[PDB]
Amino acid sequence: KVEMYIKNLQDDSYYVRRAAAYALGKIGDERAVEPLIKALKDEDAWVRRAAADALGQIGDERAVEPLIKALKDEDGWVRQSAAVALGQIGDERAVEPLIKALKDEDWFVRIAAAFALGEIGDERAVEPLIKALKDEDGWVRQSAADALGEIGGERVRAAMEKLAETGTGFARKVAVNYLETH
């Protein structure tokens, strides 16, 4: 029963809270939303990440600001799942925090931020995602390219024309392909 789990989320055994979190997500009702938001502050990083992940699957906008704060979690993997969850939700309040996350320490979270930014589809990400095309990590470059395509639209096309004309390297290839394929 979700209220058992909702209560389990406070158990002394991190092993039990871990199980609660993962569960409240697979079978998530709105009842689970507020408890899970509290679990984003759990001592155990696993619990945090399972909570971020659940809340994304639930889709309730109440989690938006609490997740935005998790984009600053000590653990890179929970930041990763926060970014993804924000993407899923996907409230436009996440946009600017997610754009800041494009410069995260961990490549795997920069990928998540680009992906989320693309899912949300707010053109504010266009310029930051273009800069992300010159990221030191080749897989986040890739994820920045994919996100731009997911966003689509006039500002992206315009930004791509710019790059096709005077840009270079991966960015140029991305832009030439973009307008080739539209």
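Quick note: we count residues from 1 along the sequence shown, nothing fancier.
Stretches 21 to 29 and 158 to 166 differ in mean C-alpha B factor, with the higher average recorded for 21 to 29. Comparing 52 to 60 with 32 to 40, the stretch with the higher mean C-alpha B-factor in the PDB entry is 32 to 40. Among all modelled residues in this chain, the alpha-carbon of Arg110 has a temperature factor (C-alpha) in the middle third. Ranked against the other modelled residues of its chain, the C-alpha B-factor of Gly118 as given in the entry falls in the lowest third.
Per-chain ranking of the deposited C-alpha B factor places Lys72 in the middle third. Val84 sits in the lowest third of its chain by CA B factor, as recorded in the PDB entry.
In the PDB entry, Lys100 places in the middle third of its chain by CA B-factor.
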